[PDB]
There are 4 protein chains.
Amino acid sequence: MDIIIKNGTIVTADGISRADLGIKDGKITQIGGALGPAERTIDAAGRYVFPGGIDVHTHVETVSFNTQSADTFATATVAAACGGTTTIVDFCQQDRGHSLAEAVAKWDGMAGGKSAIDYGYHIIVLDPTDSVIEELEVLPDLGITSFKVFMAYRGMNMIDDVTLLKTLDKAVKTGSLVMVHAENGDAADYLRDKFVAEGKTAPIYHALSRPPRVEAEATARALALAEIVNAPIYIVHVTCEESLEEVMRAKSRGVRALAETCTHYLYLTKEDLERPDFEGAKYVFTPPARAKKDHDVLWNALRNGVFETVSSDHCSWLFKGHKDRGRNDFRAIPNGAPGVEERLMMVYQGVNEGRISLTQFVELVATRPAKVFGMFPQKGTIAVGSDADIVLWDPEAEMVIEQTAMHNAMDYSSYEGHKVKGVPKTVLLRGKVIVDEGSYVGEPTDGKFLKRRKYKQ
Amino acid sequence: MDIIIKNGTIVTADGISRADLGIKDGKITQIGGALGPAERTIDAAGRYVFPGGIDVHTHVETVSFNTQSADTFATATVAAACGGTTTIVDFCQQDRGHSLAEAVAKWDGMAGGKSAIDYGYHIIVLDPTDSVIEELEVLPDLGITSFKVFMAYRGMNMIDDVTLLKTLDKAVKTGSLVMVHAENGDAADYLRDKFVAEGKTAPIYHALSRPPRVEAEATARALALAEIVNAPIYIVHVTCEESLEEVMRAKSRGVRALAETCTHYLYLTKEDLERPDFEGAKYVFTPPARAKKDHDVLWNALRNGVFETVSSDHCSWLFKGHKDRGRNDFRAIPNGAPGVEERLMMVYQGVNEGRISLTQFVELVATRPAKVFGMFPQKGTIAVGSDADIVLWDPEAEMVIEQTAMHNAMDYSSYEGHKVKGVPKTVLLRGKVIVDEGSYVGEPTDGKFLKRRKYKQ
Amino acid sequence: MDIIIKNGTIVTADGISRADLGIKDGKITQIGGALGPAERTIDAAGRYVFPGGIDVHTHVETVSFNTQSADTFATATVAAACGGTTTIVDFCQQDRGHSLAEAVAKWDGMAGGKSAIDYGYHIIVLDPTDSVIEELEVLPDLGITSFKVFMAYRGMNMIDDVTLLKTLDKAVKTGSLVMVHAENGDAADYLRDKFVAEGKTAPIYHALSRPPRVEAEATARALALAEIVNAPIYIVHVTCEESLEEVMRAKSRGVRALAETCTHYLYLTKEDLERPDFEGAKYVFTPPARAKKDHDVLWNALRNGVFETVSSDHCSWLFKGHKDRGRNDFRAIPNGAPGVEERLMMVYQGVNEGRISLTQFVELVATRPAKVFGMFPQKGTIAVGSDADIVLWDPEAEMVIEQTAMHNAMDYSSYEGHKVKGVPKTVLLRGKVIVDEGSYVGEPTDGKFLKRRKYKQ
Amino acid sequence: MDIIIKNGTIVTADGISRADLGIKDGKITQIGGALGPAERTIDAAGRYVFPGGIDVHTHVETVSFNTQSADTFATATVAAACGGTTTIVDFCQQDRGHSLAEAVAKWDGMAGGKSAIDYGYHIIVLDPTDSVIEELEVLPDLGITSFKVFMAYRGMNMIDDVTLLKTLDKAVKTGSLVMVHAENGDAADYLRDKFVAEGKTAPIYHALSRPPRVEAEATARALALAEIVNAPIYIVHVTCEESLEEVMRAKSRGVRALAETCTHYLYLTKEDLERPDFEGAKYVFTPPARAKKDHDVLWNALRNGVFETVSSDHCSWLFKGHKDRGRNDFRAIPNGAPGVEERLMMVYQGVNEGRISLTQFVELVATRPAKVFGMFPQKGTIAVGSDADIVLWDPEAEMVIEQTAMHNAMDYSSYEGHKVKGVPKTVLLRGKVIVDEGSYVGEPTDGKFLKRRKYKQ
Ligand SMILES: [Zn+2]
Ligand SMILES: [Zn+2]
Ligand SMILES: [Zn+2]
Ligand SMILES: [Zn+2]
Ligand SMILES: [Zn+2]
Ligand SMILES: [Zn+2]
Ligand SMILES: [Zn+2]
Ligand SMILES: [Zn+2]
């Protein structure tokens, strides 16, 4: 027995039991009973033993407009671990004019031997060449079973209905799942330019230039297209009442529509973009921050089991280095905010306030995502046979989130100042302790790529 | 170690692992690892090890219009066990003019020392006396934390909005959950009488006399009342697209609305009431059987995680002895159909047809119900600390459901003739084997009452 | 030619033409062309020639809780005339324990020889006796073709679904139209009492004790019942987004559902009940005043042609004499507000603000109501054969509405202080000038009863 | 007095009166009273005197894929007159690479001195050049105040959201109304090609290749874009429950959304495309024929006043000459069906079956369209000052619609075989009798262009 975790309360999505764990060769081999001798023994007394967090929506390392993101695959995964997240599914981005394979290879270069935690890939298709699209017949067998496309971001990521339909079609044939950023780009452009023309350049206009309708329409269209092709689809970052409604309408018609939300959409509002002295720039992410009523809508949807997970959509644009190129034009502000580390703690506060149950926390934060994106049961819960990806949670620990205490390469936190109750203490990745009582103690060589399974839905 | 289950695949709502189990003193004490010696060892090779079924909607023993139901607490619980269900929550029915306590005592008389499996009680309030309503302040502490009322059945079970509001109010104060049969009784009566007046007396008119609108309206009203009192509510047997829609609308408004469906609403249709030679009488249950499009609607809702469970609403009215008093007036036909035994197999067929996942099967059939009605984690899953309520499922076993092979006191099955794949083989109740390879081998003294926990939602 | 109206612009719901009118024997006999000599000639230069207003929702003379209303059939009809309204359909109220006929006779006593303008009756059924209900087979032939019931006001007006269904059924047989006040009375009572118990007695609680859900639910139920009986139904005073939504859903299902709104629901808000020094008592009407967003919803619905009319629901409870019995308990405040006189001017302001068209003003204010309640084309528009019920409107006239300038017996106006553009100047009732340049010059003997036509929808 | 119409019943949208008419110099100068001498007198005894029909959706003369339509501006307008329609608003189609002016001039060439009845133009923008779009600032002042764009028909008519937004924007500035053919072209193409690839080429696939969702999505998107620009929009040919629903949702949000339907969408179904021997080709129009349930939905919507009119979308593709190029590929079948002549009779049958009222018939068939497209009150009703555009209707006349009896250049009728009650007998265009007791007796020089008014909504 390599490791034994005793005196803790094992909390899975469908179980709560005070028992001891036996880890052997990166896997959980025994729960309860006589465990025997063990190299190391961890005392989880007064703590929860949760499955490791699984963030299926990250942009760990990116290059936007010749400039690079503050975080790298190494700096982000370390923060992820310190935040209780042991698996991540980053968005492998294709380069215009290049192949998907060229993209995967590029990603391997960034991840290989540098990820503190395990990782899988989603493939972004932003240059739908006949050959590129034909590659979707190949990537699945490499363990990349989810294709992602954008309906916004003209001349950068945006593709059209013809493309989406072709992607939906290839996904059905290869048993893959299409993911989509649903915003009507043209509608946004129209408003963005109209605002700038009127001399309106503050961060707030990032939100006003792309109101709920922009998201709602695109969402509905994508779902409609999925219905036509008769394919499963996954709507990333559903952020407001109107777009959620379309997802709901699609589900009732029988469309295999799936959706998710992201931490910040349960806590931030467009008013945050009005914080003085360009601080609002920090909250310039897409879709735009909504309103508090949307927070209730989303939390209720969570409690009712509507969403598949609460991911982070983690980005790293230095407030100083990157957000800066926009102090005079919100359009130039690189979109995105950090949160891969804070995800669990923030979502967990919902169990503290009765918004969501303790058991649902695990479902949303790890088990359900794992199921959808083909990593269950190897990843996701805590059962015999599971990789020993574990988080020892202290439900009573109180703390204020400060970027100075975070573990990535950013110059600010989206949750700076938030008081939380319930903190990740020590983390295990396939049996190895990578975070011990708050200190990262792993190797950038620990993380491994995950060939994810097909037929998602 | 009293018992060891080896070579099986443990399937909980959030886990799938090939491991062995160790049962000691009615509880699961160890999973995986070195188990040691054991009184008995069961070979679950090639079989699933599921948590025991939990049916929160049964009418095991009833007396309707001076006549008694074919099944008793003893005959039903035995059938339940043979069907893979180890816990049941029967509806303890108050008698007009009598107290709730008088009712519970009466139920204990029927269950005590006679239940093959464990059981809890829901309390039906059909005579809202000032004192009776004041009793709702007491029952909770006895372990009866769910109050049930009827919106239909004039001069028998029907109560009014004033009552429902008082019940919703008492439930909020005692941390209980109000359950409701939602049909507009008056609307039904109007149509029932109108049909009989026109000389229409066949079974089909049972359905036509209470169409979807009758259910939908009542559902909406109940949810509206729950919204006003600001209390959680549970809608029993949601059977069609229109009523489900109201539940959905309520959920979006923020109403803590919960709902469920029942096996037969996923398989039977009003056309079944047209089967020749009074056979349709067998399908006279309430609300009425709907249409196939409603089956898709419900299954989709299940797959999307809308419902809390799929219960049975088990009743026992002999086709000959009881249904008979209605061969000339559908109104005289006692409402209800049997299914406590077939529940799991029938719901399981949904995993066979991709309608629902293997993991969701357990969620719906046992884990989610247990959670809602305060029996989790003692009951519900398979974890260390759980009562050893287990079902060893043979996913390959094929069989035709025939009443001659069922184990209750009825003269017919609602699923007579259905071919199924996946059958319950041996069942354990808190460690004791009560069903061995298909043969009931327990004692009517095995079942125990369960003091269920409060604050349901 | 008794009268000739020249130089005016005739504005009907479907026509705008500068032409002269020829009135002979209470009717419009010629439009345009050579008119010839005439007893009197009116110069409508620079003015609109609108059909006379038709208010199908008035409570001109009432007795609530032993006390009588400030206005009588005489004082109200005079105000109506001065406001441009020439026809009215008052709610003839049955007395508990008495017949409908007894009620009509009582009404005739109040109206006969005392109405300044023409009038018809709606019959309120608040004591559904077998005989009473059987009377609905008679009233229609007397010219009373619309039955009204209440879903709220316990022990005063409230009837049940059984009653409503019986009424809906009688209406279908006699070709009548059922009207309904849709609020869940029990839900309201629950909240009303709960508030008082907590010591909350200010006027505001009149609104909070009966929020939108209370109205919405009842509305839906009534429409559902209408659907079951398969009968046309008319929802009086739809006041908010949620209840309107139910009307809309009913219409889509094919239910012959009709609805209306009332002047004050386009201008007042629940915040008005918070006006200091018990002033809010003036705004205590039912359903409660909503919010501004509901004003937009309603106006949009009007512009889209959803509603059949904008009536007033005119009541007369002296702010001093009557509202007073409630300075310590909002529940004791008699419900209702005045507006029969201000109706047209207030609705007309909507054409000034582009909310509604000039042509729709007439449709809503007179032509559509006349059509629905069987008085078209005798009443309603301006065509050859129409009764000469006319209003000469000055679109440029500006004025502030002050009760001191109104013409009824009330001590306040619901629109006190409102600045308006467009005032009624001279009014004709079947050819007779009853209001001349702002001065009432008619006789309480001018008004006549109207036997209204059947089959409304 | 040039003409006098006596003994008839004048039926306008808001009036029904037995009176005589006096026409002088193309206008109605007097109604009722002493008319005097007249060049000609028409006896409308036992007949209705309706305002002339107004069809705002025609394609009288078209050129699709090098081939020309069977009907010309002359042959169509004659049929229109014989059908009771006196005004038409044809879709002036721009040619790729050419200006809008070039298009108008081309249209004048076709209409000038050749139209049997009056006509206006809608301008189709299918080549959104910077200059072309700038022309929208000019056309309005020429009397062309409605811009039409297509969301389907790739490489032929289809424009994008960027275009639509620019058009919506220009319309708001020039006080014009944007009209749109709402179908997701790409979605359709995907299905069209998929079907052909599978060897499915029969006419039925024209419908299946573009199901309700295709229409619904586009409809919603257009309305969403209109909402963003905050402009009024008009959805042409709403054909089913799902697309109508989007219009309805838009209206509730406050979007100034208008919509219409077309005769054939109230009578034909996709099953018609299955008629044997390529007959189904006759029913190949777009959007595709729906189902009977959609007929009820639409008729109910009509009765509730949802739509602005029931136009025809008149096209002329010879069953033999044109439909033929598709006996082996439904895609090659030119889309469109004839109906400008049958429109009124067909819609009128709805009043016969209680689906719609007699008064609504006129509203939909003439008065409401005239209002929306800025031709009211010159055109639309029957009032003093109106152009004398009249139809003398015989409500008792029965007849079977046969193409051999129609008056255009087509080889078939979409309503061949339909038995109707109520036929147009004699028609007047601005005072001149152009159809006398069923015989066309006008001159192709009678019709004149109409400079329509701005700000439509
Ligand atoms: Zn995104
Ligand atoms: Zn993203
Ligand atoms: Zn029931
Ligand atoms: Zn039941
Ligand atoms: Zn009322
Ligand atoms: Zn009233
Ligand atoms: Zn079209
Ligand atoms: Zn067209």
# chains A, B, ... in the order shown; residues from 1 in each chain; ligands from 1

$ residues_near_ligand --ligand "ligand 1" --cutoff "9 Å" --atoms "only C-alpha atoms and all ligand atoms" --output "MDAnalysis selection string"
chainID A and resid 150 152 180:182 236:237 285:287 313 336

$ interface_residues --of "chain B" --to "chain C" --cutoff "9 Å" --atoms "only C-alpha atoms" --output "PDB file with N, CA and C atoms, in the first residue's frame"
ATOM      1  N   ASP B 161     -57.226  24.588  -1.965  1.00  0.00           N
ATOM      2  CA  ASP B 161     -56.058  25.456  -1.932  1.00  0.00           C
ATOM      3  C   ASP B 161     -55.782  25.942  -0.513  1.00  0.00           C
ATOM      4  N   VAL B 162     -56.847  26.183   0.252  1.00  0.00           N
ATOM      5  CA  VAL B 162     -56.704  26.641   1.637  1.00  0.00           C
ATOM      6  C   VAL B 162     -55.935  25.590   2.433  1.00  0.00           C
ATOM      7  N   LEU B 165     -52.260  25.248   1.129  1.00  0.00           N
ATOM      8  CA  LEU B 165     -51.485  26.368   1.636  1.00  0.00           C
ATOM      9  C   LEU B 165     -51.127  26.148   3.110  1.00  0.00           C
ATOM     10  N   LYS B 166     -52.057  25.582   3.880  1.00  0.00           N
ATOM     11  CA  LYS B 166     -51.804  25.330   5.294  1.00  0.00           C
ATOM     12  C   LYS B 166     -50.766  24.230   5.436  1.00  0.00           C
ATOM     13  N   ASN B 184     -57.181  18.480 -11.675  1.00  0.00           N
ATOM     14  CA  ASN B 184     -58.297  19.314 -11.273  1.00  0.00           C
ATOM     15  C   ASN B 184     -59.492  18.375 -11.194  1.00  0.00           C
ATOM     16  N   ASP B 186     -62.585  18.730 -10.072  1.00  0.00           N
ATOM     17  CA  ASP B 186     -63.852  19.226 -10.562  1.00  0.00           C
ATOM     18  C   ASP B 186     -63.902  19.129 -12.075  1.00  0.00           C
ATOM     19  N   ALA B 187     -62.819  19.515 -12.741  1.00  0.00           N
ATOM     20  CA  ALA B 187     -62.795  19.430 -14.191  1.00  0.00           C
ATOM     21  C   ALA B 187     -63.034  17.977 -14.580  1.00  0.00           C
ATOM     22  N   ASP B 189     -64.534  15.534 -12.813  1.00  0.00           N
ATOM     23  CA  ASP B 189     -65.911  15.166 -12.514  1.00  0.00           C
ATOM     24  C   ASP B 189     -66.853  15.625 -13.612  1.00  0.00           C
ATOM     25  N   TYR B 190     -66.702  16.880 -14.032  1.00  0.00           N
ATOM     26  CA  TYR B 190     -67.531  17.448 -15.094  1.00  0.00           C
ATOM     27  C   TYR B 190     -67.509  16.557 -16.335  1.00  0.00           C
ATOM     28  N   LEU B 191     -66.311  16.189 -16.774  1.00  0.00           N
ATOM     29  CA  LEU B 191     -66.177  15.350 -17.953  1.00  0.00           C
ATOM     30  C   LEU B 191     -66.630  13.921 -17.705  1.00  0.00           C
ATOM     31  N   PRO B 211     -58.118  14.474 -19.406  1.00  0.00           N
ATOM     32  CA  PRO B 211     -57.056  14.767 -20.369  1.00  0.00           C
ATOM     33  C   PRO B 211     -55.937  15.603 -19.753  1.00  0.00           C
ATOM     34  N   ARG B 213     -54.837  18.529 -19.868  1.00  0.00           N
ATOM     35  CA  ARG B 213     -55.120  19.844 -19.303  1.00  0.00           C
ATOM     36  C   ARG B 213     -55.509  19.750 -17.834  1.00  0.00           C
ATOM     37  N   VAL B 214     -56.279  18.716 -17.498  1.00  0.00           N
ATOM     38  CA  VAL B 214     -56.721  18.490 -16.126  1.00  0.00           C
ATOM     39  C   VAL B 214     -55.505  18.368 -15.210  1.00  0.00           C
ATOM     40  N   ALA B 216     -52.224  19.287 -16.081  1.00  0.00           N
ATOM     41  CA  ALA B 216     -51.422  20.501 -16.232  1.00  0.00           C
ATOM     42  C   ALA B 216     -51.862  21.635 -15.312  1.00  0.00           C
ATOM     43  N   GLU B 217     -53.142  21.984 -15.378  1.00  0.00           N
ATOM     44  CA  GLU B 217     -53.690  23.063 -14.561  1.00  0.00           C
ATOM     45  C   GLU B 217     -53.368  22.852 -13.080  1.00  0.00           C
ATOM     46  N   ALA B 218     -53.782  21.708 -12.541  1.00  0.00           N
ATOM     47  CA  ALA B 218     -53.547  21.393 -11.134  1.00  0.00           C
ATOM     48  C   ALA B 218     -52.066  21.499 -10.799  1.00  0.00           C
ATOM     49  N   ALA B 220     -49.756  23.292 -12.253  1.00  0.00           N
ATOM     50  CA  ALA B 220     -49.387  24.697 -12.204  1.00  0.00           C
ATOM     51  C   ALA B 220     -49.865  25.373 -10.924  1.00  0.00           C
ATOM     52  N   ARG B 221     -51.115  25.111 -10.546  1.00  0.00           N
ATOM     53  CA  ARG B 221     -51.696  25.701  -9.340  1.00  0.00           C
ATOM     54  C   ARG B 221     -50.894  25.316  -8.092  1.00  0.00           C
ATOM     55  N   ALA B 224     -47.725  27.086  -8.054  1.00  0.00           N
ATOM     56  CA  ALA B 224     -47.958  28.503  -7.788  1.00  0.00           C
ATOM     57  C   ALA B 224     -48.134  28.719  -6.284  1.00  0.00           C
ATOM     58  N   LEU B 225     -48.914  27.837  -5.665  1.00  0.00           N
ATOM     59  CA  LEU B 225     -49.153  27.908  -4.228  1.00  0.00           C
ATOM     60  C   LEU B 225     -47.841  27.706  -3.478  1.00  0.00           C
ATOM     61  N   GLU B 227     -44.979  28.462  -4.583  1.00  0.00           N
ATOM     62  CA  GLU B 227     -44.245  29.703  -4.794  1.00  0.00           C
ATOM     63  C   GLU B 227     -44.674  30.774  -3.796  1.00  0.00           C
ATOM     64  N   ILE B 228     -45.987  30.890  -3.587  1.00  0.00           N
ATOM     65  CA  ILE B 228     -46.557  31.877  -2.660  1.00  0.00           C
ATOM     66  C   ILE B 228     -46.095  31.630  -1.231  1.00  0.00           C
ATOM     67  N   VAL B 229     -46.199  30.385  -0.784  1.00  0.00           N
ATOM     68  CA  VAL B 229     -45.772  30.044   0.562  1.00  0.00           C
ATOM     69  C   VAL B 229     -44.252  30.059   0.609  1.00  0.00           C
TER      70      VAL B 229
END

$ select_by_dssp --residues "stretch 161-216 of chain B" --states "strand (DSSP E)" --output "ChimeraX atom specification"
/B:177-181

$ residues_near_ligand --ligand "ligand 2" --cutoff "7 Å" --atoms "only C-alpha atoms and all ligand atoms" --output "list in words"
residues 57, 58, 59 and 313 of chain A

$ write_last_selection --atoms "C-alpha atoms" --output "PDB file, in the first residue's frame"
ATOM      1  CA  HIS A  57     -12.671  24.550 -20.200  1.00  0.00           C
ATOM      2  CA  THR A  58      -9.172  26.040 -20.071  1.00  0.00           C
ATOM      3  CA  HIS A  59      -6.892  28.138 -22.265  1.00  0.00           C
ATOM      4  CA  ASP A 313     -12.623  29.369 -19.162  1.00  0.00           C
TER       5      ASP A 313
END

$ residues_around --residues "residue A:8" --least-positions-apart "3" --cutoff "12 Å" --atoms "only C-alpha atoms" --output "compact mmCIF listing (two decimals) with N, CA, C and O atoms, in the first residue's frame"
# COMPACT_ATOMS: atom_id res chain seq x y z
N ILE A 4 -2.20 5.63 2.45
CA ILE A 4 -3.45 5.38 3.15
C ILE A 4 -3.96 6.72 3.67
O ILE A 4 -3.22 7.47 4.32
N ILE A 5 -5.22 7.02 3.35
CA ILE A 5 -5.83 8.25 3.83
C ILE A 5 -6.88 7.81 4.84
O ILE A 5 -7.86 7.14 4.50
N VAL A 11 -16.42 11.93 0.13
CA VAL A 11 -17.60 12.53 -0.47
C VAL A 11 -17.56 12.43 -1.99
O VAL A 11 -16.81 13.16 -2.65
N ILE A 16 -21.51 9.38 0.85
CA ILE A 16 -20.86 10.12 1.92
C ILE A 16 -20.57 9.07 2.97
O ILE A 16 -21.49 8.57 3.61
N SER A 17 -19.30 8.72 3.14
CA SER A 17 -18.97 7.71 4.14
C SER A 17 -17.64 7.94 4.83
O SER A 17 -16.66 8.31 4.19
N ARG A 18 -17.63 7.76 6.14
CA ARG A 18 -16.40 7.90 6.90
C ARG A 18 -15.71 6.56 6.79
O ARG A 18 -16.17 5.57 7.36
N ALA A 19 -14.62 6.54 6.03
CA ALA A 19 -13.86 5.32 5.83
C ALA A 19 -12.45 5.71 5.44
O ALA A 19 -12.17 6.89 5.17
N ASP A 20 -11.57 4.73 5.43
CA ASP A 20 -10.19 4.96 5.08
C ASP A 20 -9.93 4.44 3.67
O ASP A 20 -10.61 3.52 3.20
N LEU A 21 -8.95 5.05 3.01
CA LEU A 21 -8.58 4.70 1.64
C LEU A 21 -7.23 4.02 1.52
O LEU A 21 -6.31 4.31 2.28
N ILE A 31 -11.22 0.44 0.01
CA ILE A 31 -11.92 1.42 0.83
C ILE A 31 -12.56 0.68 2.00
O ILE A 31 -13.33 -0.27 1.80
N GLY A 32 -12.23 1.11 3.21
CA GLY A 32 -12.76 0.47 4.40
C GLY A 32 -12.07 -0.85 4.71
O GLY A 32 -11.38 -1.42 3.87
N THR A 41 1.06 7.65 5.34
CA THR A 41 -0.31 7.69 5.83
C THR A 41 -0.68 9.14 6.03
O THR A 41 0.07 9.91 6.63
N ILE A 42 -1.82 9.53 5.48
CA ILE A 42 -2.29 10.90 5.62
C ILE A 42 -3.50 10.93 6.54
O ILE A 42 -4.40 10.09 6.42
N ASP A 43 -3.51 11.88 7.46
CA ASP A 43 -4.61 12.02 8.40
C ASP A 43 -5.61 13.05 7.88
O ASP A 43 -5.38 14.26 8.00
N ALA A 44 -6.71 12.57 7.32
CA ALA A 44 -7.74 13.45 6.77
C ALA A 44 -8.80 13.79 7.82
O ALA A 44 -9.92 14.17 7.48
N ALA A 45 -8.45 13.65 9.09
CA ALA A 45 -9.37 13.94 10.18
C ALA A 45 -10.02 15.31 10.01
O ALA A 45 -9.34 16.30 9.72
N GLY A 46 -11.34 15.36 10.18
CA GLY A 46 -12.06 16.61 10.05
C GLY A 46 -12.07 17.19 8.65
O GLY A 46 -12.41 18.35 8.46
N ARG A 47 -11.70 16.37 7.67
CA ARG A 47 -11.66 16.83 6.29
C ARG A 47 -12.41 15.93 5.33
O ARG A 47 -12.66 14.76 5.61
N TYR A 48 -12.79 16.50 4.19
CA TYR A 48 -13.50 15.76 3.17
C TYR A 48 -12.48 15.19 2.19
O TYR A 48 -11.44 15.80 1.93
N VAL A 49 -12.78 14.01 1.66
CA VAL A 49 -11.91 13.37 0.68
C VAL A 49 -12.70 13.40 -0.62
O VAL A 49 -13.50 12.50 -0.88
N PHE A 50 -12.49 14.45 -1.41
CA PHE A 50 -13.19 14.64 -2.69
C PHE A 50 -12.41 14.12 -3.89
O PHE A 50 -11.18 14.00 -3.84
N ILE A 390 -7.00 12.91 -5.88
CA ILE A 390 -7.75 13.28 -4.69
C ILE A 390 -7.48 14.67 -4.14
O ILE A 390 -6.39 15.21 -4.29
N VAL A 391 -8.49 15.24 -3.48
CA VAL A 391 -8.37 16.54 -2.86
C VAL A 391 -8.86 16.40 -1.43
O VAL A 391 -9.97 15.92 -1.20
N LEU A 392 -8.03 16.81 -0.48
CA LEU A 392 -8.40 16.75 0.93
C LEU A 392 -8.86 18.16 1.29
O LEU A 392 -8.05 19.08 1.41
N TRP A 393 -10.17 18.29 1.46
CA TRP A 393 -10.82 19.56 1.74
C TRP A 393 -11.09 19.84 3.21
O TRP A 393 -11.57 18.98 3.95
N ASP A 394 -10.78 21.06 3.64
CA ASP A 394 -11.01 21.49 5.01
C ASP A 394 -12.23 22.40 4.95
O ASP A 394 -12.11 23.58 4.63
N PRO A 395 -13.42 21.86 5.26
CA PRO A 395 -14.66 22.65 5.23
C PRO A 395 -14.73 23.85 6.17
O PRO A 395 -15.51 24.77 5.93
N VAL B 384 -18.74 2.73 1.81
CA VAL B 384 -18.44 2.23 3.14
C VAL B 384 -19.32 2.97 4.13
O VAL B 384 -19.28 4.19 4.23
